[PDB]
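A single chain comes next, written as structure tokens; it is the form solved without ligand COA.
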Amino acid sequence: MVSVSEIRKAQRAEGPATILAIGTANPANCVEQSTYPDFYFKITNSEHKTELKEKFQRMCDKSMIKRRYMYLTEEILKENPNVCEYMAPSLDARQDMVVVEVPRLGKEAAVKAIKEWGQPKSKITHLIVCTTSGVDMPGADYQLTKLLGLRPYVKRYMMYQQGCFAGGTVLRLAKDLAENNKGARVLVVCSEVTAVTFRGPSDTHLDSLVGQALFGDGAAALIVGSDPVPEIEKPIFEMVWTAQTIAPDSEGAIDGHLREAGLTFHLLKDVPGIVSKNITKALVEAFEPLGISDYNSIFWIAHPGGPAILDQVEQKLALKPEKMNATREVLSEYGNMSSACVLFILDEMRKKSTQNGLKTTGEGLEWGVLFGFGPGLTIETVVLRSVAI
């Protein structure tokens, strides 16, 4: 009797997945980078590691980060000396921090996004929560459902232990959720807290120390939907195409293991080199079908895993230095916030473009690209179209 083709036709959305709102949040503790080597070597009881402290000072001086927001404070760290050691049993203490803070911070960003969207939160049909800090059952998805008062029947996607590329992953996922389901409105929350990876310095693990110079905390929330209601909802960016790939010759480049001592961080290969060697292939896959090959003619969002990734991509492609402005502004003001960072850059770019009266949310350009980079080595690509004014 019943027709599945009829059901399928009536069930799906029509237009491209669209970002309809963006909100962000960060812990209230603002930590200046200029003075961070002094603070960090003191709080970790490592002032006798003179050579190492000098290396960290250079790391921070070259990081192109002015400040970061951190859940961790001096007082919290003083109560948790095992977190301050380089490698001491501490996962239970770290989990207790982030199982609460990830959803708390995610809620602040989410409320802001929902306020901007302006529609009833009961119309949110899907929820994607993404983090690399902590895991729990029920997850942070359940917690944000409860904290926000979403409908119990929201469809949840709990993305745990994902890594720095997953700001692209959540867009790639939200696109299919929104596009295949008529009426669907996806709340997307990325919430990253460095309490699981903070640890003291060791001079035979300089890669771990790099993490301590770069990673900071933050959450970003989006509303994503197809078929926006004109004059009621307000498109910011459209998604058009996505990809994920694993770069050749990159095995072990970025790893992270969740252990009794917390989440470890390792870099075994040249990540700026691998990303810049492989970014052209990603761009030609994404844009040669759209007939575009001038990569200064698109707007850019790149996960700022560290400044050398950006410098080497700029140099490889001969990007004008201004292409990375929004990206570098977020790196400067917040550090590498893992999966949330790219979403902060989208917010920065559309806010500047509208405040400065440019013709589109994409710095006055039509087409744009968003890249996530992280363990794999994985590259996420999202092709974007801007919106006029």
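Sequential numbering from 1, following the sequence displayed.
Participant: Return whichever of 175-183 and 203-211 has the greater mean Cα B factor according to the PDB record.
Facilitator: According to the PDB entry, the answer is 203-211.
Participant: Highest mean C-alpha temperature factor of the two stretches 298-306 and 229-237, which is it?
Facilitator: Higher mean C-alpha B-factor in the PDB entry: 229-237.
Participant: With respect to the C-alpha temperature factors reported in the PDB entry, which of 326, 43, 341, 65 ranks highest?
Facilitator: Checking the PDB record, the top C-alpha B-factor among 326, 43, 341, 65 is at 43.
Participant: Per the PDB entry, which option out of 257, 281, 107, 126 has the greatest Cα B factor?
Facilitator: Within the set 257, 281, 107, 126, 281 shows the top C-alpha B-factor.
Participant: If you rank every modelled residue in this chain by C-alpha B factor, which third holds residue 244: lowest, middle or highest?
Facilitator: Lowest third, going by the recorded CA B-factors of the chain.
Participant: Where does the C-alpha B-factor of residue 348 rank in its chain, lowest, middle or highest third?
Facilitator: For residue 348, the deposited C-alpha B-factor lands in the lowest third.
Participant: Taking the values exactly as deposited, rank residue 191 by C-alpha B-factor within its chain and report the matching third: lowest, middle or highest.
Facilitator: Tercile = lowest for this residue's CA B-factor.
Participant: What third of its chain's C-alpha B-factors does residue 87 belong to: lowest, middle or highest?
Facilitator: Middle third by C-alpha B-factor.
Participant: Could you tell me which third, lowest, middle or highest, the C-alpha B-factor of residue 315 occupies within its chain?
Facilitator: Its C-alpha B-factor, which the entry lists for residue 315, ranks in the highest third among residues of this chain.
The form solved in complex with ligand COA exists for this protein as well; it is not shown, and the discussion that follows is about that form.
Participant: Ligand COA isn't shown here, but in the bound PDB entry which of 83, 171, 214, 128 has a heavy atom within 4.5 Å of it?
Facilitator: Contact check passes for 214.
Participant: Among the candidate residues 282, 271, 124, 158, which is the single one with a non-hydrogen atom no more than 4.5 Å from ligand COA in the bound PDB entry?
Facilitator: None of the others qualify; the residue that does is 271.
Participant: Okay, which stretch from 199-207, 141-149, 172-180, 228-236 lines ligand COA in the bound PDB entry, with non-hydrogen atoms inside 4.5 Å?
Facilitator: Flagged stretch: 199-207.
Participant: Do residue 287 and ligand COA share at least one heavy atom pair within 4.5 Å in the bound PDB entry?
Facilitator: Residue 287: no, not in contact with ligand COA in the bound PDB entry.
Participant: Going by a heavy atom distance of 4.5 Å, is residue 265 a contact of ligand COA in the bound PDB entry?
Facilitator: Yes.
Participant: Using the partner position in the bound PDB entry, report whether residue 31 sits within 4.5 Å of ligand COA, counting heavy atoms only.
Facilitator: Judged by the heavy-atom cut-off of 4.5 Å, residue 31 is well away from ligand COA in the bound PDB entry.
Participant: I'd like to check something about residue 62: if you look in the bound PDB entry, is any of its heavy atoms closer than or equal to 4.5 Å to a heavy atom of ligand COA?
Facilitator: Contact with ligand COA, yes.
Participant: So which bits of 80-113 sit within 4.5 Å of ligand COA in the bound PDB entry, heavy atoms only?
Facilitator: If the 4.5 Å heavy-atom criterion is applied to ligand COA in the bound PDB entry, 80-113 yields nothing.
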